[PDB]
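Shown next: upload20.pdb, containing PDB, N, CA and C atoms.
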MODEL        1
ATOM      1  N   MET K   1      50.536 -83.013 -99.066  1.00  0.00           N
ATOM      2  CA  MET K   1      49.380 -82.759 -99.971  1.00  0.00           C
ATOM      3  C   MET K   1      49.890 -82.416-101.366  1.00  0.00           C
ATOM      4  N   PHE K   2      49.528 -81.230-101.850  1.00  0.00           N
ATOM      5  CA  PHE K   2      49.946 -80.788-103.167  1.00  0.00           C
ATOM      6  C   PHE K   2      51.297 -80.096-103.098  1.00  0.00           C
ATOM      7  N   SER K   3      51.822 -79.954-101.881  1.00  0.00           N
ATOM      8  CA  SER K   3      53.118 -79.305-101.679  1.00  0.00           C
ATOM      9  C   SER K   3      54.211 -80.349-101.443  1.00  0.00           C
ATOM     10  N   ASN K   4      53.809 -81.526-100.980  1.00  0.00           N
ATOM     11  CA  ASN K   4      54.759 -82.599-100.711  1.00  0.00           C
ATOM     12  C   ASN K   4      55.205 -83.263-102.010  1.00  0.00           C
ATOM     13  N   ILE K   5      54.478 -82.994-103.085  1.00  0.00           N
ATOM     14  CA  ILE K   5      54.804 -83.575-104.376  1.00  0.00           C
ATOM     15  C   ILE K   5      56.155 -83.084-104.868  1.00  0.00           C
ATOM     16  N   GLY K   6      56.397 -81.788-104.729  1.00  0.00           N
ATOM     17  CA  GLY K   6      57.657 -81.200-105.174  1.00  0.00           C
ATOM     18  C   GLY K   6      57.771 -81.268-106.694  1.00  0.00           C
ATOM     19  N   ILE K   7      58.956 -81.615-107.187  1.00  0.00           N
ATOM     20  CA  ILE K   7      59.169 -81.720-108.627  1.00  0.00           C
ATOM     21  C   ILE K   7      58.335 -82.870-109.218  1.00  0.00           C
ATOM     22  N   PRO K   8      58.351 -84.043-108.628  1.00  0.00           N
ATOM     23  CA  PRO K   8      57.560 -85.191-109.156  1.00  0.00           C
ATOM     24  C   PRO K   8      56.184 -84.757-109.662  1.00  0.00           C
ATOM     25  N   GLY K   9      55.564 -83.827-108.952  1.00  0.00           N
ATOM     26  CA  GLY K   9      54.253 -83.326-109.350  1.00  0.00           C
ATOM     27  C   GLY K   9      54.361 -82.388-110.549  1.00  0.00           C
ATOM     28  N   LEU K  10      55.493 -81.700-110.652  1.00  0.00           N
ATOM     29  CA  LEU K  10      55.716 -80.756-111.742  1.00  0.00           C
ATOM     30  C   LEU K  10      55.723 -81.467-113.091  1.00  0.00           C
ATOM     31  N   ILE K  11      56.307 -82.658-113.137  1.00  0.00           N
ATOM     32  CA  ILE K  11      56.376 -83.416-114.381  1.00  0.00           C
ATOM     33  C   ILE K  11      54.974 -83.697-114.905  1.00  0.00           C
ATOM     34  N   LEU K  12      54.069 -84.108-114.034  1.00  0.00           N
ATOM     35  CA  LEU K  12      52.714 -84.401-114.463  1.00  0.00           C
ATOM     36  C   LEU K  12      52.099 -83.163-115.094  1.00  0.00           C
ATOM     37  N   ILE K  13      52.290 -82.017-114.450  1.00  0.00           N
ATOM     38  CA  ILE K  13      51.781 -80.752-114.973  1.00  0.00           C
ATOM     39  C   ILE K  13      52.497 -80.389-116.263  1.00  0.00           C
ATOM     40  N   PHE K  14      53.797 -80.592-116.267  1.00  0.00           N
ATOM     41  CA  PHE K  14      54.598 -80.235-117.413  1.00  0.00           C
ATOM     42  C   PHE K  14      54.088 -80.956-118.653  1.00  0.00           C
ATOM     43  N   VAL K  15      53.751 -82.223-118.476  1.00  0.00           N
ATOM     44  CA  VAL K  15      53.247 -83.039-119.572  1.00  0.00           C
ATOM     45  C   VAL K  15      52.013 -82.386-120.177  1.00  0.00           C
ATOM     46  N   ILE K  16      51.144 -81.884-119.314  1.00  0.00           N
ATOM     47  CA  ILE K  16      49.919 -81.226-119.779  1.00  0.00           C
ATOM     48  C   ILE K  16      50.275 -80.152-120.791  1.00  0.00           C
ATOM     49  N   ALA K  17      51.418 -79.530-120.579  1.00  0.00           N
ATOM     50  CA  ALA K  17      51.897 -78.490-121.479  1.00  0.00           C
ATOM     51  C   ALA K  17      52.469 -79.119-122.754  1.00  0.00           C
ATOM     52  N   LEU K  18      53.095 -80.272-122.605  1.00  0.00           N
ATOM     53  CA  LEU K  18      53.702 -80.959-123.732  1.00  0.00           C
ATOM     54  C   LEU K  18      52.669 -81.416-124.739  1.00  0.00           C
ATOM     55  N   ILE K  19      51.554 -81.911-124.257  1.00  0.00           N
ATOM     56  CA  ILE K  19      50.520 -82.369-125.163  1.00  0.00           C
ATOM     57  C   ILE K  19      50.043 -81.215-126.046  1.00  0.00           C
ATOM     58  N   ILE K  20      49.880 -80.036-125.451  1.00  0.00           N
ATOM     59  CA  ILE K  20      49.450 -78.861-126.205  1.00  0.00           C
ATOM     60  C   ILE K  20      50.634 -78.212-126.920  1.00  0.00           C
ATOM     61  N   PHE K  21      51.809 -78.198-126.273  1.00  0.00           N
ATOM     62  CA  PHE K  21      52.999 -77.596-126.876  1.00  0.00           C
ATOM     63  C   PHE K  21      53.859 -78.651-127.569  1.00  0.00           C
ATOM     64  N   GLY K  22      54.543 -79.497-126.787  1.00  0.00           N
ATOM     65  CA  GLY K  22      55.389 -80.545-127.357  1.00  0.00           C
ATOM     66  C   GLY K  22      56.826 -80.407-126.847  1.00  0.00           C
ATOM     67  N   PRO K  23      57.508 -81.498-126.598  1.00  0.00           N
ATOM     68  CA  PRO K  23      58.915 -81.464-126.102  1.00  0.00           C
ATOM     69  C   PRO K  23      59.886 -80.967-127.173  1.00  0.00           C
ATOM     70  N   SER K  24      59.434 -80.967-128.425  1.00  0.00           N
ATOM     71  CA  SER K  24      60.270 -80.517-129.536  1.00  0.00           C
ATOM     72  C   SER K  24      60.015 -79.047-129.833  1.00  0.00           C
ATOM     73  N   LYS K  25      59.125 -78.437-129.053  1.00  0.00           N
ATOM     74  CA  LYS K  25      58.781 -77.033-129.249  1.00  0.00           C
ATOM     75  C   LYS K  25      59.504 -76.136-128.255  1.00  0.00           C
ATOM     76  N   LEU K  26      59.686 -76.612-127.034  1.00  0.00           N
ATOM     77  CA  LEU K  26      60.347 -75.800-126.037  1.00  0.00           C
ATOM     78  C   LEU K  26      61.829 -75.622-126.383  1.00  0.00           C
ATOM     79  N   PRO K  27      62.506 -76.666-126.801  1.00  0.00           N
ATOM     80  CA  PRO K  27      63.955 -76.586-127.164  1.00  0.00           C
ATOM     81  C   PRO K  27      64.166 -75.732-128.415  1.00  0.00           C
ATOM     82  N   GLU K  28      63.193 -75.781-129.317  1.00  0.00           N
ATOM     83  CA  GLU K  28      63.268 -75.012-130.554  1.00  0.00           C
ATOM     84  C   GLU K  28      63.246 -73.515-130.263  1.00  0.00           C
ATOM     85  N   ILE K  29      62.407 -73.120-129.324  1.00  0.00           N
ATOM     86  CA  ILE K  29      62.286 -71.713-128.952  1.00  0.00           C
ATOM     87  C   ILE K  29      63.588 -71.210-128.335  1.00  0.00           C
ATOM     88  N   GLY K  30      64.171 -72.016-127.456  1.00  0.00           N
ATOM     89  CA  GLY K  30      65.413 -71.635-126.799  1.00  0.00           C
ATOM     90  C   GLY K  30      66.517 -71.419-127.822  1.00  0.00           C
ATOM     91  N   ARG K  31      66.600 -72.323-128.786  1.00  0.00           N
ATOM     92  CA  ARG K  31      67.608 -72.234-129.829  1.00  0.00           C
ATOM     93  C   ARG K  31      67.398 -70.992-130.668  1.00  0.00           C
ATOM     94  N   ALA K  32      66.153 -70.781-131.061  1.00  0.00           N
ATOM     95  CA  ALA K  32      65.822 -69.635-131.886  1.00  0.00           C
ATOM     96  C   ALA K  32      66.131 -68.348-131.131  1.00  0.00           C
ATOM     97  N   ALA K  33      65.672 -68.282-129.887  1.00  0.00           N
ATOM     98  CA  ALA K  33      65.932 -67.119-129.051  1.00  0.00           C
ATOM     99  C   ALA K  33      67.423 -67.027-128.784  1.00  0.00           C
ATOM    100  N   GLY K  34      68.065 -68.186-128.793  1.00  0.00           N
ATOM    101  CA  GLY K  34      69.483 -68.258-128.520  1.00  0.00           C
ATOM    102  C   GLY K  34      70.268 -67.343-129.456  1.00  0.00           C
ATOM    103  N   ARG K  35      69.897 -67.355-130.730  1.00  0.00           N
ATOM    104  CA  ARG K  35      70.574 -66.525-131.724  1.00  0.00           C
ATOM    105  C   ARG K  35      70.266 -65.054-131.493  1.00  0.00           C
ATOM    106  N   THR K  36      69.008 -64.779-131.189  1.00  0.00           N
ATOM    107  CA  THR K  36      68.560 -63.420-130.935  1.00  0.00           C
ATOM    108  C   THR K  36      69.249 -62.855-129.696  1.00  0.00           C
ATOM    109  N   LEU K  37      69.333 -63.659-128.658  1.00  0.00           N
ATOM    110  CA  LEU K  37      69.957 -63.220-127.426  1.00  0.00           C
ATOM    111  C   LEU K  37      71.457 -63.037-127.596  1.00  0.00           C
ATOM    112  N   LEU K  38      72.041 -63.915-128.388  1.00  0.00           N
ATOM    113  CA  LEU K  38      73.472 -63.892-128.639  1.00  0.00           C
ATOM    114  C   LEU K  38      73.887 -62.556-129.220  1.00  0.00           C
ATOM    115  N   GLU K  39      73.102 -62.038-130.133  1.00  0.00           N
ATOM    116  CA  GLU K  39      73.427 -60.758-130.734  1.00  0.00           C
ATOM    117  C   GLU K  39      73.136 -59.628-129.750  1.00  0.00           C
ATOM    118  N   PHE K  40      72.271 -59.899-128.765  1.00  0.00           N
ATOM    119  CA  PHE K  40      71.901 -58.880-127.783  1.00  0.00           C
ATOM    120  C   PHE K  40      73.096 -58.439-126.940  1.00  0.00           C
ATOM    121  N   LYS K  41      73.831 -59.410-126.423  1.00  0.00           N
ATOM    122  CA  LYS K  41      74.979 -59.109-125.586  1.00  0.00           C
ATOM    123  C   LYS K  41      76.042 -58.365-126.381  1.00  0.00           C
ATOM    124  N   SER K  42      76.155 -58.715-127.652  1.00  0.00           N
ATOM    125  CA  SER K  42      77.130 -58.080-128.525  1.00  0.00           C
ATOM    126  C   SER K  42      76.785 -56.609-128.709  1.00  0.00           C
ATOM    127  N   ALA K  43      75.493 -56.322-128.843  1.00  0.00           N
ATOM    128  CA  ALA K  43      75.041 -54.945-129.003  1.00  0.00           C
ATOM    129  C   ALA K  43      75.261 -54.180-127.703  1.00  0.00           C
ATOM    130  N   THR K  44      75.028 -54.864-126.591  1.00  0.00           N
ATOM    131  CA  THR K  44      75.202 -54.279-125.273  1.00  0.00           C
ATOM    132  C   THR K  44      76.663 -53.903-125.030  1.00  0.00           C
ATOM    133  N   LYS K  45      77.563 -54.781-125.432  1.00  0.00           N
ATOM    134  CA  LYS K  45      78.981 -54.545-125.229  1.00  0.00           C
ATOM    135  C   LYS K  45      79.364 -53.186-125.791  1.00  0.00           C
ATOM    136  N   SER K  46      78.671 -52.777-126.838  1.00  0.00           N
ATOM    137  CA  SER K  46      78.949 -51.499-127.462  1.00  0.00           C
ATOM    138  C   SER K  46      78.395 -50.344-126.622  1.00  0.00           C
ATOM    139  N   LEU K  47      77.284 -50.584-125.925  1.00  0.00           N
ATOM    140  CA  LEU K  47      76.683 -49.547-125.099  1.00  0.00           C
ATOM    141  C   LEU K  47      77.545 -49.262-123.877  1.00  0.00           C
ATOM    142  N   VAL K  48      78.021 -50.328-123.247  1.00  0.00           N
ATOM    143  CA  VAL K  48      78.863 -50.197-122.065  1.00  0.00           C
ATOM    144  C   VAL K  48      80.243 -49.681-122.434  1.00  0.00           C
ATOM    145  N   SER K  49      80.765 -50.179-123.543  1.00  0.00           N
ATOM    146  CA  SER K  49      82.084 -49.774-123.993  1.00  0.00           C
ATOM    147  C   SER K  49      82.117 -48.278-124.267  1.00  0.00           C
ATOM    148  N   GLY K  50      81.082 -47.791-124.937  1.00  0.00           N
ATOM    149  CA  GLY K  50      80.984 -46.374-125.263  1.00  0.00           C
ATOM    150  C   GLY K  50      82.322 -45.822-125.732  1.00  0.00           C
ATOM    151  N   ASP K  51      83.103 -46.675-126.375  1.00  0.00           N
ATOM    152  CA  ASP K  51      84.413 -46.271-126.880  1.00  0.00           C
ATOM    153  C   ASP K  51      85.021 -47.375-127.739  1.00  0.00           C
ATOM    154  N   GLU K  52      86.205 -47.108-128.283  1.00  0.00           N
ATOM    155  CA  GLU K  52      86.890 -48.086-129.122  1.00  0.00           C
ATOM    156  C   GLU K  52      86.832 -49.474-128.491  1.00  0.00           C
TER     157      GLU K  52
ENDMDL
END
Structure translated into structure tokens:
Amino acid sequence: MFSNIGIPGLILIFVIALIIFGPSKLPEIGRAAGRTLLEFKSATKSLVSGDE
């Protein structure tokens, strides 16, 4: 039924999101967040290090 579709069915749904969002919008967010997240781990390293 709707469970036997698996991923093949996901693409159809995903497209519904693309029309409203766009395939050039999801990658843009990841990249943008990518920079924000990148600095996150660096800040964390200082919390765990708690030393030189």
First collect every listed atom of stretch 15-32 of chain K; then fit an axis-aligned box around them, widen it by 5 Å on each side, and give centre and edge lengths in Å to one decimal, as AutoDock Vina command-line options.
--center_x 58.5 --center_y -75.7 --center_z -125.2 --size_x 28.2 --size_y 24.7 --size_z 23.4
Which of chain K fall in helix (DSSP H, G or I), as a VMD selection string
chain K and resid 7 to 20 26 to 49
Would you compute the distance between atom N of residue K:43 and atom N of residue K:31? Give it in Å to one decimal.
18.3 Å
Gap from atom N of residue K:2 to atom CA of residue K:23 - Å, one decimal:
26.0 Å
Find the distance between atom CA of residue K:17 and atom CA of residue K:30 and write it in Å to one decimal.
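Result for atom CA of residue K:17 versus atom CA of residue K:30: 16.1 Å, one decimal.
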